[PDB]
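The chain below stands alone and is given as structure tokens, in the form deposited in one PDB entry.
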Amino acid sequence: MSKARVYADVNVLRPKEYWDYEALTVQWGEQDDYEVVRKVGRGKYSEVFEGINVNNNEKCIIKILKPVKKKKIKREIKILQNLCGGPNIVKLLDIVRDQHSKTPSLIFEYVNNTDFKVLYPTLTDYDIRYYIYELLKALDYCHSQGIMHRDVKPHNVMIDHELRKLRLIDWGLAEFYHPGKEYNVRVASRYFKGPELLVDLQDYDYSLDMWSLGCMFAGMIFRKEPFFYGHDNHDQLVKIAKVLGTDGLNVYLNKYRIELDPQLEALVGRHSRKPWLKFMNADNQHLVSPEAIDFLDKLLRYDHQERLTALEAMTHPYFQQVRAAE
């Protein structure tokens, strides 16, 4: 019966109203206070626009949601409210909806972002230490607040590179951690999904976000994005297996008494570990340091219980200059 190694009793000790998001009653704001200026994204669950707050002429981000069940949207709203003001967490400013159709919109603070596909090739060795340190502040914060993000990936990390400012966004897949609870494993996006999700281990915890972080981080230092590129969920486990090796996978499956579907087992096969250094090449040589490698190594562990916690990660010597700069 797997449990988190840290922050396990956070929601135990909070008032029930903190985590009982189904008992929330949304305080709808005024749809007219916010005007759409330009569309900047679309997704299965929404369309996203740059907008303005008419009252104060401030930019904002407006997420127009496609039809969504009451229970699902209250969970997202409650978690945003719970974390609002925390280190590098996106700020939810307002919640509104169209009177005729009841379509709800979520209103957030604006971030002058640069898509990671354009931004990450320009980051220096020091820059990556700095921004990952900023993203860990957000993860240590939401875990300490009893919440798992469950969709860490570059697409959900907004960065203003001029201001060197970062925000962790899109809390739609997030959940409250409760010891022993069995969660849906269809969360995160495929390339960032932890082995627990791929082998149907349902009683996972905050440590899933550290796997996802490690996937993102490996992509950045090796300039290979996504680092683990599977075509479907079976294939995702196979690509991991081919890097970490199947010896470590077998140990893991045995520890948690998991049995792989016969089909998956056949696809996974048998593989030796590929040492991190073998991913180094002329395209990433300026970023692959022994300290970067040691930190990555401690994130990308099959066993979720073995991974660095966010708190531990922040103290790794890889970030020592970021801390000194303070």
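Shifts are known only where both forms have a C-alpha. Residues carry their position along the shown sequence, with the first being 1. Only the largest set of C-alpha atoms that superpose within 1.5 Å between the two forms is called the rigid core.
Higher mean CA temperature factor between 205-213 and 105-113: 105-113, per the PDB entry. For the pair 247-255 and 72-80, the mean Cα B-factor is higher in 247-255. In this structure the maximum Cα B-factor among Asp200, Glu175, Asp94, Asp125 is found at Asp200.
Within the group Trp276, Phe295, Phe49, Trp28, the record's highest C-alpha temperature factor is found at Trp28. Among the modelled residues of its chain, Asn284 has a C-alpha B-factor that falls in the lowest third according to the deposited record. Per the deposited record, the Cα B-factor of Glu134 falls in the lowest third when ranked against the other modelled residues of its chain. The PDB entry assigns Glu196 a C-alpha temperature factor belonging to the middle third of its chain's modelled residues.
Ranked by C-alpha B-factor against the other modelled residues of its chain, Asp140 falls in the lowest third.
In the PDB entry, a CA B factor belonging to the middle third of its chain's modelled residues is recorded for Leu13.
Only in words, not in the display: the form deposited in another entry, which the text now covers.
Superposing the rigid core between this form and the one not shown leaves a single residue from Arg186, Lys102, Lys117, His231 with a C-alpha shift of at least 2 Å: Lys102. The Cα shift for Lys44 between this form and the one not shown, taken after rigid core superposition, is 2 angstroms or larger.
Taken over residues common to both forms, the rigid core alignment between this form and the one not shown yields 42-44, 98-103 as runs of three or more consecutive residues whose Cα atoms shift by 2 Å or more.
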